[PDB]
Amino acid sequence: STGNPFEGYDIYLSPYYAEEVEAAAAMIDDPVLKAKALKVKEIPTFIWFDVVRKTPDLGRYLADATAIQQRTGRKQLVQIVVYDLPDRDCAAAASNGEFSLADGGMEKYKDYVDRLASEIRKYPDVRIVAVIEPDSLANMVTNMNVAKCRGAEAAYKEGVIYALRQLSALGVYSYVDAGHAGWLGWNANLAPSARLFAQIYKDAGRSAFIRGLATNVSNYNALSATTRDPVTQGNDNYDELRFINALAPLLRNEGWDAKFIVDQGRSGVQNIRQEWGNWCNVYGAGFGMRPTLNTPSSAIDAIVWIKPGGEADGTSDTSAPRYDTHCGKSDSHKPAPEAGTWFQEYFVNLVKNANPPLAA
């Protein structure tokens, strides 16, 4: 289709996240904060498939969404994240991941995608929006000095193209991850990013199902900054809107008229980072701008909550195999559990600090 893929759809509410929120609310003693916590389970989030053992769960969500659709007659849209490349998260320790290129990682990744595809095939009547491999391509632009990233370059591109070709053949709408304003928004990185995204789009066959890009995944940038965050100094693109408005024309000239979705899940509190490159469980974050199709620009299909607030970005335990020093910074919330696991203290702050505030 030509238009906004989200238009006219009810957004399927993650049962995984609802259950986490339900249990989290139960542990909050403040009745006001408890009631606000419970509102969060009604806010649409993206469902991450960060491990291949989760692929059968996609079938379960799509069956559930299909049943809701058939019961109510209201079209359902399921939001998912493809996040399992071999040598994943190559500039960091926190979200390492289960596949290694040293151990048949590439083939195992294709199989992971194939399993995702086999579930989608069983439930063709539900629309799916997928974010493709957060951080992957952003690392390819910026971190070829990092041995793991340099070694992963061919596999990242191959893997992302495979996923895109396989999902596009199933009518899945993809948004390829594109870092954020403080990553690829820098003039050092814009043009090279535009070139890379255009290349992936091309090699993936230029399917109309490849709708565009996703920004600010698991990050904290403002969409449109009322006051400039001191941490953004030197970068003219100091919010996601500016980043996108600088990127979109470049990418267009490079052969792709791309549309955008923006994570605002943990963007409610600005001015909370000592450095812009600090990403791990940043202290005092709040739930941000709610998912909506009323965006400030025609390039932007939707504001979304891609990273589900409350799930950790990485362990702060200096003894743990996945310990990354970003997770030990003075402006990280500590002690933090393993990436992807529930982080109660952190969730409690997101609710309390939410902007706009959550209602009862």
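We number the residues from 1 along the sequence you see.
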Comparing 81 to 89 with 95 to 103, which stretch shows the greater average C-alpha B-factor in the deposited entry? 95 to 103
Looking only at CA atoms, which has the higher mean B factor in the entry: 348 to 356 or 7 to 15? 7 to 15
Tell me which of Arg266, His180, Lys75, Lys259 tops the list for C-alpha B factor in the record. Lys75
Largest Cα B-factor, entry values, listed residues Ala152, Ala163, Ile244, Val282: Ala152
Place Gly286 in the lowest, middle or highest third of its chain's C-alpha B-factors, as listed in the PDB entry. lowest
By the recorded C-alpha temperature factor, relative to the other modelled residues in its chain, which third is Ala37 in? middle
Taking the C-alpha B-factors as the PDB entry records them, is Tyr201 in the lowest, middle or highest third of its chain? middle
CA B-factor ranking of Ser174, expressed as a third of its chain: lowest
Chain-relative CA temperature factor third for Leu190: highest
